[PDB]
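Letters go in sequence order (proteins before strands), and every chain restarts at 1. Order of listing sets the numbers, starting from 1, for every ligand and every atom in it. FYI, side chains are in, hydrogens and waters are out, and symmetry mates aren't considered; it's all heavy atoms of this structure.
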Amino acid sequence: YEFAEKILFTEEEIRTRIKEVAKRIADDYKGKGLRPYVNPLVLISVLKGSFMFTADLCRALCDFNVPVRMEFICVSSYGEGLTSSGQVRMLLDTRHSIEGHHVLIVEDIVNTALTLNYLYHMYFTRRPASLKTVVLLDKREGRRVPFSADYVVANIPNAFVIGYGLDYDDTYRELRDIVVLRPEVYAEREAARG
Amino acid sequence: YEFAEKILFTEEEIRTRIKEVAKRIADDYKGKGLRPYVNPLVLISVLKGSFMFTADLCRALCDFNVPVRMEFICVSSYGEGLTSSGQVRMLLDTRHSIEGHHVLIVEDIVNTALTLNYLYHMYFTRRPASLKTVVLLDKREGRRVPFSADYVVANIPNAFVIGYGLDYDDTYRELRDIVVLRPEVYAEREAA
Ligand SMILES: O=P(O)(O)OC[C@H]1O[C@H](OP(=O)(O)OP(=O)(O)O)[C@H](O)[C@@H]1O
Ligand SMILES: O=P(O)(O)OC[C@H]1O[C@H](OP(=O)(O)OP(=O)(O)O)[C@H](O)[C@@H]1O
Ligand SMILES: Oc1ncnc2cn[nH]c12
Ligand SMILES: Oc1ncnc2cn[nH]c12
Ligand SMILES: [Mg+2]
Ligand SMILES: [Mg+2]
Ligand SMILES: [Mg+2]
């Protein structure tokens, strides 16, 4: 990747970590007696960024016999830039009611946590049986609001990361690895954009 | 897989076919001069079924250095027996305009092709540079309206298949493989 400063996690590392977290999730939910049709774990995938993680996580969960029902919502905040707008837009909400169901919000990364804070609050008031969160990446110090995810695959330093669903101006979401974008590359783009 | 009548494709066979299709798409787009930011291949992923296929496909395309821009759309129905033409309600459309862009609609299964034909024609009227479709599975004999997909991963007979994004009553999308749901199970649950 000529545009990368470095590779944080390779595809293999990501796959391995996701498998461990799926195992934890399975153990933790065993007492809930999850069942297809009548009692699945509702996964609320936060588009666009969570699409890849979601695709890989649900298959990992299936390996541990955890029945799931997928819901995709769309939330926007960074747009084409490199920093939070501070405003969270709900472009698409869930199809069905989560009231009375076990729900797990799946996100690719938590930084300022304005997005998850918005989400968690919204769904919390809908009275699900339980509500948890699993984030692929956590920038633990970038917080603007306090938020503690129930499951974190990896903690990362403050640098703009791309790949595996994460984008910079809706570019690079398709990479198999998670890499750090060189500032020279985004600075040249930013200049061209604004 | 107690609920399954038989295994159609394993994760490994699926994985291989997708790479083969991605190689072809990549060659066909070579003349299009695709570039990130300005001229990426826009993939219009039709939720919810194509979520898994899309994640593996964009990675295979990345393997071939094809720059992509991911778009996800969500469609719904107006009601029962309201349209002939496969008209659907757009709940979520593309974030950015497709006019002047090379677009590829990603779907996981085409059978009657009613809604896919409607969607194809809709984006066609928005003037993209080019418009194509890639479908994971094609039930060639089920057409209710003439429709041909530009790339297809596999042709299959008329059997209800589940797994790899495909569901029966929002169940089984998470399977790594594509299997045939026991007809009895489908019949009972459908009537239920
Ligand atoms: O914790 P926060 O600072 O809120 O940042 C994290 C959120 O920001 C990103 O989404 P973005 O707004 O870029 O949308 P996208 O998923 O479509 O890329 C990322 O995918 C998370 O959803
Ligand atoms: O041509 P037919 O056999 O009548 O069915 C056509 C559509 O039905 C399914 O989508 P669905 O409504 O199931 O959406 P989904 O992707 O969210 O499951 C299937 O995935 C096709 O796209
Ligand atoms: O490093 C990063 N990459 C992609 N999206 C975001 C949001 N916050 N921080 C990000
Ligand atoms: O076999 C099949 N499996 C899942 N969804 C659909 C739609 N049409 N045909 C299907
Ligand atoms: Mg996001
Ligand atoms: Mg983003
Ligand atoms: Mg379906």
Less than 3.5 Å between some nitrogen or oxygen of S76(A) and one of ligand 1, yes or no?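 For ligand 1, there is no N or O atom that lies under 3.5 Å from one belonging to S76(A).
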Regarding ligand 1, does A113(A) bring an N or O atom to under 3.5 Å of one of the ligand's N or O atoms?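 Right, the criterion is met.
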Out of curiosity, is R173(A) lining ligand 1, as in a heavy atom under 4.0 Å away?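 Checking ligand 1 against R173(A), which is what was asked, there is a heavy-atom contact under 4.0 Å.
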Can you name the atoms of ligand 1, numbered from 1 with element, that are less than 4.0 Å from a heavy atom of [X]?
X	answer
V110(A)	1 (O)
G49(A)	15 (P), 16 (O), 17 (O)
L114(A)	4 (O)
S77(A)	12 (O)
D167(A)	18 (O)

Measuring from the Mg ion (ligand 6), name the closest N, O or S atom belonging to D167(A).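 Per the distance ranking, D167(A) contributes OD1 as its closest N/O/S atom to the Mg ion (ligand 6).
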Check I109(A) against ligand 1 and report side chain, backbone, both or neither, counting heavy atoms closer than 4.0 Å.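 Both of them.
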With a heavy-atom distance limit of 4.0 Å, tell me whether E107(A) approaches ligand 1 through its side chain, its backbone, both, or neither.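 Under 4.0 Å from ligand 1, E107(A) contributes side-chain atoms alone.
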Does the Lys NZ or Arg CZ of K32(B) fall within the cation-pi geometry relative to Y29(B) - under 6.0 Å from the ring centre and within 45° of the axis?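 Yes, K32(B) lies over the aromatic ring of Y29(B).
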Could you check whether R189(B) makes a cation-pi contact with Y37(A), meaning its NZ or CZ is under 6.0 Å from the centre of the six-membered ring and within 45° of the ring axis?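 Verdict for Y37(A): a cation-pi partner in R189(B).
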Is a side-chain donor-acceptor pair under 3.5 Å present for [Y] with [X]?
X	Y	value
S85(B)	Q87(B)	yes
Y186(A)	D169(A)	no
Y123(B)	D93(B)	yes

Do any of the N/O/S atoms of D170(A), backbone or side chain, fall under 2.8 Å from the Mg ion (ligand 6)?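 Of the N, O and S atoms in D170(A), none lies under 2.8 Å from the Mg ion (ligand 6), which means no.
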Just go through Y78(A), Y168(A), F72(B), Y118(A) and tell me whose heavy atom is the nearest to atom 9 (C) of ligand 1.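 Heavy atom nearest to atom 9 (C) of ligand 1 belongs to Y78(A).
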Under 6.0 Å between ring centres: does that hold for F3(B) and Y1(B)?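 Yes, the ring centres sit under 6.0 Å apart.
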Under 6.0 Å between ring centres, would you say that holds for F51(B) and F51(A)?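 No, ring centres 6.0 Å or more apart.
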Using 0.5 Å steps for rounding, measure from the CG atom of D108(A) to the OG atom of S50(A).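 Answer rounded to 0.5 Å: 6.0 Å.
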Closest non-hydrogen atom pair, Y164(A) against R59(B):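 Taking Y164(A) first and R59(B) second, the nearest heavy atoms are CE1-NH1, 3.6 Å.
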